[PDB]
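Structure first, commentary second.
Here the Cβ positions follow ideal geometry from the backbone for every residue, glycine too, while neighbour counts run over all protein chains shown. No lab work stands behind these numbers, since they all come straight from the coordinates.
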């Protein structure tokens, strides 16, 4: 449960089946590491983070409880210090690959 955590087998699968399903099996991949690229609109944002050697894009959506634990917590993450976060994988362009950030589990210092 790291950045764009796990799930390879996944990808093999996600790439070709139904939602319902995708869900049943669903992965809540993450974002660990650190960044700052948001597209705010007050609350629920779309974000982009970095990890060891590259980035992933997510969806920080607090559709129901329009928090700060969110993109703001994110606003707070830095350098050495690291994230452990999660979002499900969902239909961005083809039906796979982006994270739908819902739980942000921040760190300790590295």
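What to note about this one:
- Filtered residue count, the range 43-56, keeping only those that are surrounded by fewer than 16 Cβ atoms within 10 Å (Cβ to Cβ) and in a loop (DSSP other than H, G, I, E, B): 2
- Filter result (surrounded by 15 or more Cβ atoms within 10 Å (Cβ to Cβ), under 27 Å from residue 65 (Cβ atoms) and over 16 Å from the mean Cα position of the chain (by Cα)) within the range 1-42: 22
- Meets criteria (on the phi > 0 side of the Ramachandran plot and either touching a helix residue (DSSP H, G or I) at 6+ places or on another chain (Cβ under 8 Å) or exposed (fewer than 13 other Cβ atoms within 10 Å of the Cβ) (or both)) for residue 95: yes
- Among residues of the range 57-110, those that are more than 29 Å from residue 16 (Cα to Cα) and not in a strand (DSSP E or B), counted: 23
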